[PDB]
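Q: Sharing work-v6.tsv, TSV, C-alpha atoms:
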chain	number	residue	atom	x	y	z
R	1	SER	CA	-16.60	9.08	13.24
R	2	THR	CA	-14.36	6.36	14.59
R	3	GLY	CA	-13.64	2.70	13.98
R	4	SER	CA	-12.15	-0.06	16.10
R	5	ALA	CA	-11.16	-3.55	14.95
R	6	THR	CA	-9.34	-6.47	16.50
R	7	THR	CA	-6.25	-7.71	14.72
R	8	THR	CA	-5.19	-11.35	15.19
R	9	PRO	CA	-1.88	-13.11	14.62
R	10	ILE	CA	-2.04	-15.56	11.70
R	11	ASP	CA	0.08	-18.13	13.52
R	12	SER	CA	1.90	-18.90	16.78
R	13	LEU	CA	4.93	-16.77	15.83
R	14	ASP	CA	3.07	-13.54	15.03
R	15	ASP	CA	4.33	-13.76	11.43
R	16	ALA	CA	1.57	-11.30	10.50
R	17	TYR	CA	-1.76	-10.01	11.76
R	18	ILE	CA	-5.17	-10.13	10.07
R	19	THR	CA	-8.05	-7.76	10.56
R	20	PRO	CA	-11.60	-8.37	9.31
R	21	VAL	CA	-12.81	-5.89	6.66
R	22	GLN	CA	-16.30	-5.60	5.23
R	23	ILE	CA	-16.38	-4.99	1.46
R	24	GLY	CA	-19.42	-4.38	-0.67
R	25	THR	CA	-23.18	-4.73	-0.33
R	26	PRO	CA	-24.16	-7.13	1.16
R	27	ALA	CA	-20.94	-7.20	3.14
R	28	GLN	CA	-18.22	-9.61	2.10
R	29	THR	CA	-15.83	-10.05	5.00
R	30	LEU	CA	-12.19	-10.61	4.14
R	31	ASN	CA	-9.27	-10.87	6.54
R	32	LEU	CA	-6.69	-8.33	5.46
R	33	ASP	CA	-3.11	-7.62	6.45
R	34	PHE	CA	-3.00	-3.97	7.57
R	35	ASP	CA	0.26	-2.66	6.19
R	36	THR	CA	1.64	0.77	7.18
R	37	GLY	CA	4.49	0.08	4.71
R	38	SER	CA	2.32	0.12	1.56
R	39	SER	CA	-0.62	1.98	0.10
R	40	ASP	CA	-2.77	-0.45	-1.89
R	41	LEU	CA	-5.94	-2.17	-0.69
R	42	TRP	CA	-5.94	-5.34	-2.75
R	43	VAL	CA	-7.87	-8.57	-2.38
R	44	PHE	CA	-8.09	-12.13	-3.59
R	45	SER	CA	-11.13	-12.15	-5.85
R	46	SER	CA	-13.33	-13.99	-8.27
R	47	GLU	CA	-10.92	-12.67	-10.91
R	48	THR	CA	-7.82	-14.26	-9.37
R	49	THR	CA	-6.27	-17.01	-11.49
R	50	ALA	CA	-7.85	-20.16	-10.06
R	51	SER	CA	-4.57	-22.06	-9.65
R	52	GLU	CA	-3.28	-19.20	-7.47
R	53	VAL	CA	-6.12	-19.38	-4.93
R	54	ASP	CA	-5.68	-21.92	-2.08
R	55	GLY	CA	-8.06	-21.41	0.82
R	56	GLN	CA	-8.40	-17.62	0.79
R	57	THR	CA	-11.72	-15.87	1.00
R	58	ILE	CA	-12.44	-13.98	-2.21
R	59	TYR	CA	-14.17	-10.73	-3.05
R	60	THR	CA	-16.73	-11.14	-5.83
R	61	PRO	CA	-17.53	-7.68	-7.23
R	62	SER	CA	-20.45	-8.99	-9.30
R	63	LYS	CA	-22.29	-9.89	-6.07
R	64	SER	CA	-21.93	-6.36	-4.65
R	65	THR	CA	-24.65	-3.89	-5.60
R	66	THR	CA	-22.31	-1.00	-4.72
R	67	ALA	CA	-19.27	-2.21	-6.72
R	68	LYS	CA	-18.31	-0.12	-9.76
R	69	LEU	CA	-15.53	-0.89	-12.21
R	70	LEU	CA	-12.86	1.82	-12.15
R	71	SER	CA	-12.68	1.78	-15.91
R	72	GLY	CA	-9.22	1.47	-17.40
R	73	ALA	CA	-7.50	1.18	-14.03
R	74	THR	CA	-4.80	-1.39	-13.34
R	75	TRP	CA	-2.41	-1.97	-10.47
R	76	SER	CA	0.76	-3.92	-9.90
R	77	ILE	CA	2.89	-4.09	-6.79
R	78	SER	CA	6.10	-5.75	-5.62
R	79	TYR	CA	7.00	-5.97	-1.93
R	80	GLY	CA	10.35	-5.95	-0.13
R	81	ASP	CA	10.14	-9.71	0.44
R	82	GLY	CA	9.96	-10.33	-3.31
R	83	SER	CA	6.25	-11.10	-3.39
R	84	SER	CA	3.89	-9.41	-5.86
R	85	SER	CA	0.34	-9.11	-7.18
R	86	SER	CA	-1.58	-7.28	-9.91
R	87	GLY	CA	-5.02	-6.76	-11.40
R	88	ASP	CA	-7.82	-4.29	-12.00
R	89	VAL	CA	-9.86	-1.99	-9.76
R	90	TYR	CA	-13.39	-1.51	-8.43
R	91	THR	CA	-14.72	1.16	-6.12
R	92	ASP	CA	-16.91	-0.14	-3.34
R	93	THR	CA	-18.01	0.40	0.23
R	94	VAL	CA	-15.37	-0.65	2.76
R	95	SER	CA	-15.92	-0.80	6.52
R	96	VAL	CA	-13.40	-1.42	9.29
R	97	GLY	CA	-14.64	-1.88	12.80
R	98	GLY	CA	-17.70	0.29	12.31
R	99	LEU	CA	-16.02	2.97	10.15
R	100	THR	CA	-17.31	3.15	6.59
R	101	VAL	CA	-15.74	4.59	3.44
R	102	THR	CA	-17.83	4.76	0.29
R	103	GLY	CA	-16.03	4.84	-3.04
R	104	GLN	CA	-12.91	3.09	-1.75
R	105	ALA	CA	-10.62	1.70	-4.44
R	106	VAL	CA	-10.61	-2.08	-4.02
R	107	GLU	CA	-7.86	-3.55	-6.14
R	108	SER	CA	-8.91	-6.95	-7.41
R	109	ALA	CA	-6.08	-9.42	-7.96
R	110	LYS	CA	-5.87	-11.19	-11.30
R	111	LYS	CA	-2.44	-12.58	-10.36
R	112	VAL	CA	-0.67	-13.14	-7.02
R	113	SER	CA	2.78	-14.58	-6.37
R	114	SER	CA	3.36	-17.92	-4.71
R	115	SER	CA	3.89	-16.61	-1.19
R	116	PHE	CA	0.38	-15.15	-1.20
R	117	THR	CA	-1.16	-18.32	-2.59
R	118	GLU	CA	0.67	-20.34	0.05
R	119	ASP	CA	-0.71	-18.27	2.91
R	120	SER	CA	-4.34	-19.32	3.31
R	121	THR	CA	-4.93	-16.89	6.19
R	122	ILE	CA	-4.38	-13.59	4.35
R	123	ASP	CA	-7.13	-12.54	1.91
R	124	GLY	CA	-5.35	-9.35	0.87
R	125	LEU	CA	-3.64	-6.21	2.11
R	126	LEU	CA	-4.95	-2.87	3.34
R	127	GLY	CA	-2.24	-0.27	2.89
R	128	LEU	CA	-1.83	2.52	5.43
R	129	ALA	CA	1.30	4.27	4.19
R	130	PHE	CA	0.92	7.53	2.26
R	131	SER	CA	-1.22	7.52	-0.87
R	132	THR	CA	1.74	8.71	-2.96
R	133	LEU	CA	2.86	5.05	-3.02
R	134	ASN	CA	-0.43	3.74	-4.40
R	135	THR	CA	0.20	1.81	-7.63
R	136	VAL	CA	-3.14	2.32	-9.43
R	137	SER	CA	-2.72	3.63	-12.97
R	138	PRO	CA	-3.61	5.96	-14.66
R	139	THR	CA	-5.21	7.60	-11.64
R	140	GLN	CA	-3.52	7.04	-8.29
R	141	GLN	CA	-5.99	6.06	-5.60
R	142	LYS	CA	-6.26	7.01	-1.90
R	143	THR	CA	-5.81	4.69	1.06
R	144	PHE	CA	-8.67	3.78	3.34
R	145	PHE	CA	-7.24	6.13	5.99
R	146	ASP	CA	-6.81	8.99	3.50
R	147	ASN	CA	-10.44	8.61	2.41
R	148	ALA	CA	-11.75	8.40	6.00
R	149	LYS	CA	-9.53	11.15	7.40
R	150	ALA	CA	-11.79	14.16	7.08
R	151	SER	CA	-14.71	12.32	8.67
R	152	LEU	CA	-12.71	11.05	11.65
R	153	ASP	CA	-13.01	12.74	15.04
R	154	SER	CA	-9.23	13.12	14.91
R	155	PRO	CA	-7.08	12.41	11.81
R	156	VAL	CA	-5.21	9.48	13.37
R	157	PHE	CA	-5.12	5.74	13.58
R	158	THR	CA	-3.38	3.61	16.18
R	159	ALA	CA	-1.70	0.21	16.14
R	160	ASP	CA	-1.72	-1.88	19.29
R	161	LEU	CA	-0.31	-5.24	18.21
R	162	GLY	CA	-0.23	-8.13	20.62
R	163	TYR	CA	2.57	-10.52	21.50
R	164	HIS	CA	1.19	-13.96	20.75
R	165	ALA	CA	-2.26	-12.43	21.23
R	166	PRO	CA	-4.83	-10.26	19.46
R	167	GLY	CA	-4.55	-6.50	19.41
R	168	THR	CA	-6.37	-3.49	18.04
R	169	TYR	CA	-6.43	-0.99	15.19
R	170	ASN	CA	-8.34	2.16	16.06
R	171	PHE	CA	-9.32	4.94	13.67
R	172	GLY	CA	-10.14	8.47	14.70
R	173	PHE	CA	-9.34	8.38	18.41
R	174	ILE	CA	-6.64	7.58	20.92
R	175	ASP	CA	-7.67	5.03	23.60
R	176	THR	CA	-6.05	6.44	26.73
R	177	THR	CA	-6.62	3.14	28.59
R	178	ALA	CA	-4.45	1.19	26.12
R	179	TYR	CA	-1.01	2.43	27.19
R	180	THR	CA	1.02	3.38	30.26
R	181	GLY	CA	2.78	6.67	30.83
R	182	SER	CA	2.76	9.29	28.08
R	183	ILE	CA	2.88	9.13	24.30
R	184	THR	CA	6.10	10.57	22.88
R	185	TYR	CA	5.66	12.07	19.44
R	186	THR	CA	8.45	12.24	16.89
R	187	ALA	CA	8.85	13.77	13.43
R	188	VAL	CA	7.96	11.98	10.23
R	189	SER	CA	9.35	12.36	6.75
R	190	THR	CA	6.87	11.48	4.01
R	191	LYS	CA	9.43	11.91	1.22
R	192	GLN	CA	9.59	8.16	0.49
R	193	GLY	CA	5.86	7.66	1.16
R	194	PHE	CA	6.47	5.87	4.45
R	195	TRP	CA	5.95	6.62	8.13
R	196	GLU	CA	9.65	7.38	8.28
R	197	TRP	CA	11.16	8.62	11.54
R	198	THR	CA	14.48	8.72	13.41
R	199	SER	CA	15.08	6.68	16.54
R	200	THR	CA	17.46	8.30	19.04
R	201	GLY	CA	19.38	5.12	19.84
R	202	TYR	CA	19.37	1.71	21.45
R	203	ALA	CA	20.36	-0.50	24.34
R	204	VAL	CA	20.93	-4.27	24.56
R	205	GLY	CA	19.52	-5.89	27.66
R	206	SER	CA	20.66	-4.05	30.79
R	207	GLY	CA	23.42	-2.34	28.82
R	208	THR	CA	23.92	1.40	28.62
R	209	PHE	CA	21.97	3.35	26.03
R	210	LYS	CA	23.83	4.27	22.85
R	211	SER	CA	22.77	7.64	21.49
R	212	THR	CA	22.75	7.40	17.71
R	213	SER	CA	20.29	8.37	14.99
R	214	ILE	CA	18.57	5.45	13.28
R	215	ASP	CA	16.31	6.44	10.38
R	216	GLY	CA	13.62	3.85	9.72
R	217	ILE	CA	9.99	3.13	8.92
R	218	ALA	CA	7.12	2.07	11.14
R	219	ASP	CA	5.87	-0.93	9.15
R	220	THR	CA	3.08	-3.16	10.49
R	221	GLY	CA	3.42	-5.28	7.36
R	222	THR	CA	6.94	-6.44	8.15
R	223	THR	CA	7.37	-9.18	10.74
R	224	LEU	CA	10.83	-8.47	12.09
R	225	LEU	CA	13.03	-5.60	13.22
R	226	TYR	CA	15.66	-4.72	10.62
R	227	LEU	CA	18.47	-2.44	11.78
R	228	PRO	CA	22.02	-1.53	10.74
R	229	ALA	CA	24.52	-4.37	10.87
R	230	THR	CA	26.50	-2.66	13.64
R	231	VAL	CA	23.43	-2.55	15.92
R	232	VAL	CA	22.37	-6.08	15.09
R	233	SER	CA	25.88	-7.46	15.67
R	234	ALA	CA	25.98	-5.76	19.07
R	235	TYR	CA	22.68	-7.41	19.99
R	236	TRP	CA	23.53	-10.96	18.96
R	237	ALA	CA	26.99	-10.73	20.55
R	238	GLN	CA	25.11	-10.90	23.88
R	239	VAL	CA	23.48	-14.22	22.98
R	240	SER	CA	25.53	-17.33	23.66
R	241	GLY	CA	25.94	-19.39	20.52
R	242	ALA	CA	24.27	-16.90	18.17
R	243	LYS	CA	25.66	-16.56	14.66
R	244	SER	CA	24.81	-15.11	11.28
R	245	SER	CA	24.03	-17.93	8.90
R	246	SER	CA	24.29	-17.23	5.19
R	247	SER	CA	22.52	-20.51	4.41
R	248	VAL	CA	19.59	-19.62	6.65
R	249	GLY	CA	19.62	-15.92	5.74
R	250	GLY	CA	20.24	-14.21	9.04
R	251	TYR	CA	21.04	-14.57	12.69
R	252	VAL	CA	20.16	-17.83	14.43
R	253	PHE	CA	20.65	-18.93	18.02
R	254	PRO	CA	20.22	-22.02	20.17
R	255	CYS	CA	16.84	-22.08	21.73
R	256	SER	CA	18.50	-22.97	25.02
R	257	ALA	CA	19.93	-19.42	25.01
R	258	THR	CA	18.34	-16.54	26.92
R	259	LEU	CA	17.51	-13.51	24.77
R	260	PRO	CA	18.20	-10.06	26.15
R	261	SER	CA	15.68	-7.28	25.67
R	262	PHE	CA	16.25	-4.58	23.08
R	263	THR	CA	15.48	-0.93	23.80
R	264	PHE	CA	14.98	1.72	21.15
R	265	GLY	CA	14.77	5.45	21.64
R	266	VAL	CA	11.86	7.72	20.78
R	267	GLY	CA	13.08	11.18	21.60
R	268	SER	CA	14.05	11.02	25.26
R	269	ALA	CA	11.65	8.10	25.81
R	270	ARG	CA	12.42	4.38	25.61
R	271	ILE	CA	10.52	1.37	24.24
R	272	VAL	CA	11.67	-1.99	25.60
R	273	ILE	CA	11.23	-5.07	23.43
R	274	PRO	CA	11.29	-8.10	25.74
R	275	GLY	CA	13.68	-10.87	24.78
R	276	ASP	CA	10.86	-13.35	24.15
R	277	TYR	CA	9.57	-11.09	21.34
R	278	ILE	CA	12.81	-11.72	19.44
R	279	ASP	CA	12.36	-15.54	19.28
R	280	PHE	CA	10.88	-16.79	15.98
R	281	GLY	CA	11.38	-20.46	16.69
R	282	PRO	CA	13.09	-23.33	14.95
R	283	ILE	CA	14.43	-22.65	11.45
R	284	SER	CA	12.87	-25.99	10.47
R	285	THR	CA	10.68	-28.43	12.38
R	286	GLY	CA	12.70	-30.24	15.01
R	287	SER	CA	15.75	-28.01	14.68
R	288	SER	CA	17.59	-26.74	17.72
R	289	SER	CA	18.52	-23.60	15.76
R	290	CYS	CA	16.10	-20.71	16.28
R	291	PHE	CA	15.58	-17.73	13.98
R	292	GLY	CA	16.17	-14.26	15.40
R	293	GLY	CA	13.67	-11.42	15.34
R	294	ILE	CA	16.31	-8.70	14.95
R	295	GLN	CA	18.10	-8.87	11.62
R	296	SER	CA	20.36	-6.69	9.51
R	297	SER	CA	18.84	-4.16	7.13
R	298	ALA	CA	22.01	-4.11	5.03
R	299	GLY	CA	20.96	-4.44	1.40
R	300	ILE	CA	17.32	-3.55	2.10
R	301	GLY	CA	18.23	0.10	1.77
R	302	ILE	CA	16.13	1.15	4.75
R	303	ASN	CA	15.74	0.25	8.41
R	304	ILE	CA	12.38	-1.27	9.32
R	305	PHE	CA	10.64	-1.08	12.67
R	306	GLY	CA	8.40	-4.04	11.95
R	307	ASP	CA	6.04	-5.97	14.21
R	308	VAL	CA	8.79	-7.12	16.62
R	309	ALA	CA	9.32	-3.47	17.57
R	310	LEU	CA	5.80	-2.11	17.12
R	311	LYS	CA	4.09	-4.78	19.23
R	312	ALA	CA	6.13	-3.57	22.22
R	313	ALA	CA	4.36	-0.19	21.97
R	314	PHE	CA	1.12	1.65	21.51
R	315	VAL	CA	1.73	3.46	18.22
R	316	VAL	CA	-0.06	6.57	16.95
R	317	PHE	CA	-0.02	7.28	13.25
R	318	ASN	CA	-0.94	10.96	13.23
R	319	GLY	CA	-2.21	12.11	9.86
R	320	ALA	CA	-2.44	15.77	10.74
R	321	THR	CA	-1.33	18.23	8.04
R	322	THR	CA	2.20	17.63	9.31
R	323	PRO	CA	2.22	13.93	10.12
R	324	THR	CA	3.96	12.59	13.20
R	325	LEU	CA	4.38	9.27	14.99
R	326	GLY	CA	3.68	8.63	18.66
R	327	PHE	CA	4.98	5.78	20.80
R	328	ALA	CA	3.94	4.75	24.30
R	329	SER	CA	4.85	1.79	26.48
R	330	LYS	CA	1.99	-0.52	27.41
So that I can check it, write out the structure of this file as structure tokens.

A:
Amino acid sequence: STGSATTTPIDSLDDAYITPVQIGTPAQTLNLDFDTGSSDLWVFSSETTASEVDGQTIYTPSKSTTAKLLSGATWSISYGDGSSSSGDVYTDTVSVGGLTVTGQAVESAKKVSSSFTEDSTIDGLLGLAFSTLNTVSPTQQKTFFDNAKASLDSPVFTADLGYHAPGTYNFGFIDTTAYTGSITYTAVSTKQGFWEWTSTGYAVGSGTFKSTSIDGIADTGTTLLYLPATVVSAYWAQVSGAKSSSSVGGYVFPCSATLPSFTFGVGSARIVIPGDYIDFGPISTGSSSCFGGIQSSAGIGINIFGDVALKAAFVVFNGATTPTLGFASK
């Protein structure tokens, strides 16, 4: 089997991408944030505290003839950005772009933190990291990909995120028309439950390539590119007027400035992030200070190849017995 779904930016900055997901019988379609940095499929629901729902589409298990309570199961998650949610669990039929999993754990939110409430466009998350990170207790549950894997034509999914435009998540096949050149594959460590890999280095604009190992995660659920402070400083040093603002919480720059591209290494191959991808617009409405899309990972404890990086590539998440990551230009 295969599946193919369009993923759409939630706003003009590509702060996140939403993908429609069919849950239950008859189908209830929710727009979920596909997150290769986490491993829970959780949704706004009829069980979510009413005051914490503000425009989201909810899953109502009682209206699904295929929903079954996962008796005794609870879940609770906190994300790197300080947001969180928690609740109980149903199993139900979940379909993504034509691909159907029966018996998928659908984690129903009883509580969500303010950032989720305040984002009317995201109805929940669909985790695509390794199932070892799943928070369901007492019995850890499998991700949608883990459940589908054995049925897929090939045990892979691909992320093709757009810059200020829709893109595509495919399951079970590699669309050879969706990228240029070849796909370079690189090793993955699953020891922290992430799609964790090592970039071979970087370049700033037309500058020479610096060969240096940068361990990080391929995370579709993180907006920006977070790299070591040395790397980030070297980038913003090439932007006139750029500075790190403690009050704002990262590097800012005058919008009149031209942003250089940023290249990262995948083996001997190179992915070029165009400068425009690194512009996240005014820090506040009307401000001449723009927020940068490359920021320091210091104090996160891990480097994160988030959407800024991934949307410059066609990315293969290869769930073979020994997982690997593939990157192509496009």

Q: Around (2.8, 10.6, 10.0), as given in the file, which residues come within 8 Å? Count all atoms listed in the file and list them as an MDAnalysis selection string.

A: chainID R and resid 187:190 195:196 317:320 322:325

Q: Point out the residue among R:173, R:9, R:92, R:53 with the least atom-to-atom distance to residue R:149, counting all atoms listed in the file.

A: R:173

Q: When you count all atoms listed in the file, which of these residues is closest to residue R:222: R:79, R:42, R:90, R:235?

A: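 The shortest atom-to-atom distance to residue R:222 comes from R:79.
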
Q: Could you state the separation of atom CA of residue R:32 and atom CA of residue R:46 in Å, given to one decimal place?

A: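 Distance between the two atoms: 16.3 Å.
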
Q: With the cut-off set at 9 Å and counting all atoms listed in the file, tabulate each residue of stretch 145-171 of chain R with an atom at most that distance from an atom of stretch 93-99 of chain R, showing the nearest atom pair and its distance in Å to one decimal, ordered by chain and increasing number, as JSON lines.

A:
{"residue": "R:148", "atom": "CA", "partner": "R:99", "partner_atom": "CA", "distance": 8.1}
{"residue": "R:152", "atom": "CA", "partner": "R:99", "partner_atom": "CA", "distance": 8.9}
{"residue": "R:169", "atom": "CA", "partner": "R:97", "partner_atom": "CA", "distance": 8.6}
{"residue": "R:170", "atom": "CA", "partner": "R:97", "partner_atom": "CA", "distance": 8.2}
{"residue": "R:171", "atom": "CA", "partner": "R:99", "partner_atom": "CA", "distance": 7.8}

Q: Once you have the residues from the selection above, write them out as a PDB file, in the frame of the given file, restricted to C-alpha atoms.

A:
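Output (out_10.pdb):
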ATOM      1  CA  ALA R 148     -11.750   8.400   6.000  1.00  0.00           C
ATOM      2  CA  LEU R 152     -12.710  11.050  11.650  1.00  0.00           C
ATOM      3  CA  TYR R 169      -6.430  -0.990  15.190  1.00  0.00           C
ATOM      4  CA  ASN R 170      -8.340   2.160  16.060  1.00  0.00           C
ATOM      5  CA  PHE R 171      -9.320   4.940  13.670  1.00  0.00           C
TER       6      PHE R 171
END

Q: Quick one: residues within 9 Å of residue R:233, only C-alpha atoms counted, chain neighbours fewer than 5 positions away excluded, as a compact mmCIF listing (two decimals) with C-alpha atoms, in the coordinates of the input?

A:
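Written out: out_12.txt:
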# COMPACT_ATOMS: atom_id res chain seq x y z
CA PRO R 228 22.02 -1.53 10.74
CA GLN R 238 25.11 -10.90 23.88
CA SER R 244 24.81 -15.11 11.28
CA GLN R 295 18.10 -8.87 11.62
CA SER R 296 20.36 -6.69 9.51

Q: As a PDB file with C-alpha atoms, in the frame of the given file, please: the residues near residue R:161 (cut-off 8 Å, all atoms listed in the file, same-chain neighbours under 4 positions excluded).

A:
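Result file follows (part-v9.pdb):
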ATOM      1  CA  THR R   7      -6.250  -7.710  14.720  1.00  0.00           C
ATOM      2  CA  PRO R 166      -4.830 -10.260  19.460  1.00  0.00           C
ATOM      3  CA  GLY R 167      -4.550  -6.500  19.410  1.00  0.00           C
ATOM      4  CA  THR R 168      -6.370  -3.490  18.040  1.00  0.00           C
ATOM      5  CA  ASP R 307       6.040  -5.970  14.210  1.00  0.00           C
ATOM      6  CA  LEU R 310       5.800  -2.110  17.120  1.00  0.00           C
ATOM      7  CA  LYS R 311       4.090  -4.780  19.230  1.00  0.00           C
ATOM      8  CA  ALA R 312       6.130  -3.570  22.220  1.00  0.00           C
ATOM      9  CA  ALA R 313       4.360  -0.190  21.970  1.00  0.00           C
ATOM     10  CA  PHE R 314       1.120   1.650  21.510  1.00  0.00           C
TER      11      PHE R 314
END

Q: Go ahead and compute the interatomic distance for atom CA of residue R:212 and atom CA of residue R:36, in Å to one decimal.

A: 24.5 Å

Q: Go through R:210, R:164, R:191, R:243 and flag the residue nearest residue R:129, using all atoms listed in the file for the distances.

A: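 Closest candidate: R:191.
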
Q: Per residue of stretch 126-244 of chain R within 9 Å of stretch 265-278 of chain R, note the shortest atom pair and the distance in Å to one decimal, counting all atoms listed in the file, and order the rows by chain and increasing residue number, as a tab-separated table.

A:
residue	atom	partner	partner_atom	distance
R:163	CA	R:277	CA	7.0
R:164	CA	R:277	CA	8.9
R:183	CA	R:269	CA	9.0
R:184	CA	R:269	CA	6.7
R:185	CA	R:266	CA	7.7
R:186	CA	R:267	CA	6.7
R:198	CA	R:266	CA	7.9
R:199	CA	R:265	CA	5.3
R:200	CA	R:265	CA	4.7
R:201	CA	R:265	CA	5.0
R:202	CA	R:265	CA	5.9
R:203	CA	R:265	CA	8.6
R:205	CA	R:275	CA	8.2
R:209	CA	R:265	CA	8.7
R:211	CA	R:265	CA	8.3
R:224	CA	R:278	CA	8.3
R:225	CA	R:278	CA	8.7

Q: Extract, using only C-alpha atoms, all DNA, RNA and protein residues at most 7 Å from residue R:67, discarding same-chain residues fewer than 2 positions from it, and format them as a list in words.

A: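 Those residues are residues 24, 61, 64, 65, 69, 90, 91 and 92 of chain R.
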
Q: For atom CA of residue R:123 and atom CA of residue R:308, determine how far apart the two atoms are, in Å to one decimal place.

A: 22.3 Å

Q: Ranking R:41, R:257, R:30, R:18 by minimum distance to residue R:134 and counting all atoms listed in the file, which one comes first?

A: R:41

Q: Set the distance at 8 Å and use all atoms listed in the file: which residues neighbour stretch 106-108 of chain R once local chain neighbours fewer than 4 positions away are removed? I'd like the list as a list in words.

A: residues 40, 41, 42, 43, 44, 45, 47, 48, 59, 75, 86, 87, 88, 89, 90, 91 and 92 of chain R

Q: Taking into account all atoms listed in the file, which residue in the set R:13, R:23, R:328, R:237 is nearest to residue R:281?

A: R:13

Q: Give me the residues within 6 Å of residue R:291 as a ChimeraX atom specification, counting only C-alpha atoms and dropping any in the same chain fewer than 3 places off.

A: /R:252,280-281,283

Q: Mind writing the picked residues with C-alpha atoms as a short mmCIF file (atom, residue, chain, number, x, y, z; two decimals), keeping the file's coordinate frame?

A:
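Wrote it out as again_29.cif, contents follow:
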data_model
loop_
_atom_site.label_atom_id
_atom_site.label_comp_id
_atom_site.auth_asym_id
_atom_site.auth_seq_id
_atom_site.Cartn_x
_atom_site.Cartn_y
_atom_site.Cartn_z
CA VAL R 252 20.16 -17.83 14.43
CA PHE R 280 10.88 -16.79 15.98
CA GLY R 281 11.38 -20.46 16.69
CA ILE R 283 14.43 -22.65 11.45
#

Q: Return the single residue from R:206, R:177, R:132, R:288 that is closest to residue R:241, with distances computed using only C-alpha atoms.

A: R:288

Q: Model the absent atoms of stretch 205-221 of chain R so that N, CA and C atoms are present, and write the result as a tab-separated table (two decimals), keeping the file's coordinate frame.

A:
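Produced file rebuild-v2.tsv, reproduced below:
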chain	number	residue	atom	x	y	z
R	205	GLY	N	19.74	-5.44	26.31
R	205	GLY	CA	19.52	-5.89	27.66
R	205	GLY	C	19.68	-4.77	28.68
R	206	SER	N	20.46	-5.03	29.73
R	206	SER	CA	20.66	-4.05	30.79
R	206	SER	C	21.81	-3.09	30.46
R	207	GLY	N	22.31	-3.17	29.24
R	207	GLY	CA	23.42	-2.34	28.82
R	207	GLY	C	23.10	-0.86	28.76
R	208	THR	N	24.13	-0.04	28.69
R	208	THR	CA	23.92	1.40	28.62
R	208	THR	C	23.36	1.78	27.25
R	209	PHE	N	22.58	2.85	27.25
R	209	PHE	CA	21.97	3.35	26.03
R	209	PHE	C	23.00	4.06	25.15
R	210	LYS	N	22.99	3.67	23.88
R	210	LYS	CA	23.83	4.27	22.85
R	210	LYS	C	23.03	5.30	22.08
R	211	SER	N	23.41	6.56	22.21
R	211	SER	CA	22.77	7.64	21.49
R	211	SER	C	23.29	7.69	20.06
R	212	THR	N	22.39	7.42	19.12
R	212	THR	CA	22.75	7.40	17.71
R	212	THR	C	21.47	7.44	16.90
R	213	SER	N	21.47	8.21	15.82
R	213	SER	CA	20.29	8.37	14.99
R	213	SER	C	20.09	7.18	14.06
R	214	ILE	N	18.92	6.57	14.14
R	214	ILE	CA	18.57	5.45	13.28
R	214	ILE	C	17.29	5.78	12.51
R	215	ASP	N	17.44	6.12	11.24
R	215	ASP	CA	16.31	6.44	10.38
R	215	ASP	C	15.63	5.15	9.99
R	216	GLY	N	14.31	5.06	10.15
R	216	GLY	CA	13.62	3.85	9.72
R	216	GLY	C	12.14	4.07	9.55
R	217	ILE	N	11.43	3.02	9.13
R	217	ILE	CA	9.99	3.13	8.92
R	217	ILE	C	9.20	2.29	9.91
R	218	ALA	N	8.06	2.82	10.31
R	218	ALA	CA	7.12	2.07	11.14
R	218	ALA	C	6.24	1.27	10.21
R	219	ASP	N	6.46	-0.05	10.17
R	219	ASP	CA	5.87	-0.93	9.15
R	219	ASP	C	5.17	-2.14	9.77
R	220	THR	N	3.85	-2.05	9.93
R	220	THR	CA	3.08	-3.16	10.49
R	220	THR	C	3.07	-4.39	9.58
R	221	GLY	N	3.42	-4.19	8.32
R	221	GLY	CA	3.42	-5.28	7.36
R	221	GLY	C	4.70	-6.06	7.25
